[PDB]
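Reproduced below: protein36.cif, with mmCIF, C-alpha atoms and all ligand atoms.
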data_run
#
loop_
_atom_site.group_PDB
_atom_site.id
_atom_site.type_symbol
_atom_site.label_atom_id
_atom_site.label_comp_id
_atom_site.auth_asym_id
_atom_site.auth_seq_id
_atom_site.Cartn_x
_atom_site.Cartn_y
_atom_site.Cartn_z
ATOM 1 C CA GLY A 47 -1.999 9.724 26.096
ATOM 2 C CA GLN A 48 -0.770 11.403 22.908
ATOM 3 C CA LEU A 49 2.938 11.076 23.693
ATOM 4 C CA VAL A 50 2.832 7.260 23.728
ATOM 5 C CA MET A 51 1.105 7.347 20.329
ATOM 6 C CA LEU A 52 3.829 9.533 18.835
ATOM 7 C CA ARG A 53 6.551 7.333 20.242
ATOM 8 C CA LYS A 54 4.960 4.458 18.275
ATOM 9 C CA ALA A 55 4.309 6.372 15.081
ATOM 10 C CA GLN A 56 7.965 7.264 14.969
ATOM 11 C CA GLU A 57 8.960 3.691 15.653
ATOM 12 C CA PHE A 58 6.664 2.411 12.915
ATOM 13 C CA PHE A 59 7.318 5.185 10.431
ATOM 14 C CA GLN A 60 11.016 4.327 10.792
ATOM 15 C CA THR A 61 10.258 0.710 10.163
ATOM 16 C CA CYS A 62 8.461 1.374 6.885
ATOM 17 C CA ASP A 63 10.881 4.055 5.792
ATOM 18 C CA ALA A 64 13.934 1.926 6.602
ATOM 19 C CA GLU A 65 15.828 3.614 3.736
ATOM 20 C CA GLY A 66 15.934 7.024 5.500
ATOM 21 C CA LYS A 67 14.037 8.924 2.772
ATOM 22 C CA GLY A 68 11.679 10.989 4.931
ATOM 23 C CA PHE A 69 8.504 9.419 3.516
ATOM 24 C CA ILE A 70 6.941 6.068 2.720
ATOM 25 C CA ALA A 71 6.496 5.091 -0.898
ATOM 26 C CA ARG A 72 4.204 2.537 -2.469
ATOM 27 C CA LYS A 73 7.152 0.108 -2.565
ATOM 28 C CA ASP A 74 8.224 0.337 1.052
ATOM 29 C CA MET A 75 4.677 -0.986 1.748
ATOM 30 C CA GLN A 76 5.402 -4.010 -0.447
ATOM 31 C CA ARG A 77 8.602 -5.225 1.247
ATOM 32 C CA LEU A 78 6.595 -5.393 4.447
ATOM 33 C CA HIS A 79 4.976 -8.571 3.085
ATOM 34 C CA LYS A 80 8.268 -10.247 3.983
ATOM 35 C CA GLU A 81 8.218 -8.967 7.583
ATOM 36 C CA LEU A 82 4.529 -8.831 8.381
ATOM 37 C CA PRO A 83 1.753 -11.242 7.828
ATOM 38 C CA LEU A 84 -0.397 -9.529 5.307
ATOM 39 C CA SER A 85 -0.922 -9.864 1.621
ATOM 40 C CA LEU A 86 0.520 -7.227 -0.710
ATOM 41 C CA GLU A 87 -3.057 -6.680 -1.578
ATOM 42 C CA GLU A 88 -3.797 -5.610 2.006
ATOM 43 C CA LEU A 89 -0.633 -3.524 2.162
ATOM 44 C CA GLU A 90 -1.726 -1.313 -0.680
ATOM 45 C CA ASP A 91 -5.020 -1.005 0.995
ATOM 46 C CA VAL A 92 -3.175 0.311 3.965
ATOM 47 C CA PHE A 93 -1.216 2.496 1.881
ATOM 48 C CA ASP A 94 -4.245 3.803 0.168
ATOM 49 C CA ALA A 95 -6.102 4.344 3.436
ATOM 50 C CA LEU A 96 -3.124 6.354 4.759
ATOM 51 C CA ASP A 97 -2.306 8.671 1.844
ATOM 52 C CA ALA A 98 -5.015 11.210 2.494
ATOM 53 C CA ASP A 99 -4.026 13.577 -0.327
ATOM 54 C CA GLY A 100 -3.246 10.847 -2.862
ATOM 55 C CA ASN A 101 0.336 11.884 -3.618
ATOM 56 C CA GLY A 102 1.400 8.242 -3.840
ATOM 57 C CA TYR A 103 3.682 9.451 -1.027
ATOM 58 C CA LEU A 104 3.201 8.727 2.669
ATOM 59 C CA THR A 105 4.377 11.536 4.917
ATOM 60 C CA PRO A 106 5.077 11.272 8.663
ATOM 61 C CA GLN A 107 2.045 13.451 9.407
ATOM 62 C CA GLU A 108 -0.109 11.256 7.233
ATOM 63 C CA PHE A 109 1.389 8.204 8.926
ATOM 64 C CA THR A 110 1.036 9.665 12.435
ATOM 65 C CA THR A 111 -2.536 10.832 11.770
ATOM 66 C CA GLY A 112 -3.655 7.370 10.695
ATOM 67 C CA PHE A 113 -2.103 5.622 13.652
ATOM 68 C CA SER A 114 -3.733 8.110 15.995
ATOM 69 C CA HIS A 115 -7.263 7.385 14.659
ATOM 70 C CA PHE A 116 -6.435 3.757 15.428
ATOM 71 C CA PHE A 117 -4.641 4.149 18.718
ATOM 72 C CA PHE A 118 -7.713 5.823 20.154
ATOM 73 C CA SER A 119 -10.551 3.315 19.529
ATOM 74 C CA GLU B 441 -10.101 0.720 8.868
ATOM 75 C CA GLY B 442 -9.816 -2.973 9.740
ATOM 76 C CA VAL B 443 -6.859 -3.430 7.451
ATOM 77 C CA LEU B 444 -5.218 -0.561 9.315
ATOM 78 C CA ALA B 445 -5.945 -2.366 12.589
ATOM 79 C CA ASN B 446 -4.486 -5.518 11.123
ATOM 80 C CA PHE B 447 -1.383 -3.657 9.942
ATOM 81 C CA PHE B 448 -0.933 -1.802 13.214
ATOM 82 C CA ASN B 449 -1.806 -4.746 15.412
ATOM 83 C CA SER B 450 0.794 -6.740 13.462
ATOM 84 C CA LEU B 451 3.372 -4.011 13.889
ATOM 85 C CA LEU B 452 2.682 -4.320 17.643
ATOM 86 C CA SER B 453 3.968 -7.995 17.638
HETATM 87 CA CA CA C 1 0.676 12.087 0.728
#

Give the structure from this file in structure tokens form.
Amino acid sequence: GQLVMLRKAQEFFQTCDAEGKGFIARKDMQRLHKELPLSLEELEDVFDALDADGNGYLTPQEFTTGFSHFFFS
Amino acid sequence: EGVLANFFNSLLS
């Protein structure tokens, strides 16, 4: 089951990091408000939930790890 | 944890 997860984490990591940086910043999570139906307020909550180490920087492994906790409940 | 579900569930549509 883990391969299907990773295929989605890549898809969704790419979607947030549309600029090709190699990580998701606190401002990629804001421009999602225009594409997804959530308040900016929720988006930063998401962000905050996902940055385990508090860099203010979302890495693929941090992104993939979060999605995997979710994918499996 | 629910706001992650929201955010992921939304990404899935
Ligand atoms: Ca980080």

message: Based on only C-alpha atoms, which of the residues in chain B come within 7 Å of chain A? I want them as number ranges by chain.
response: B: 443-445, 450

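Around ligand CA 1 (chain C), the neighbouring residues within 7 Å, taking only C-alpha atoms and all ligand atoms, come to residues 97, 98, 99, 100, 101, 102, 103, 104, 105 and 108 of chain A.
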
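Counting from atom CA of residue A:64, the distance to atom CA of residue A:94 is 19.4 Å.
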
message: Using Å and a single decimal, report how far atom CA of residue B:448 sits from atom CA of residue A:71.
response: 17.4 Å

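Atom to atom, atom CA of residue A:56 and atom CA of residue B:452 stand 13.0 Å apart.
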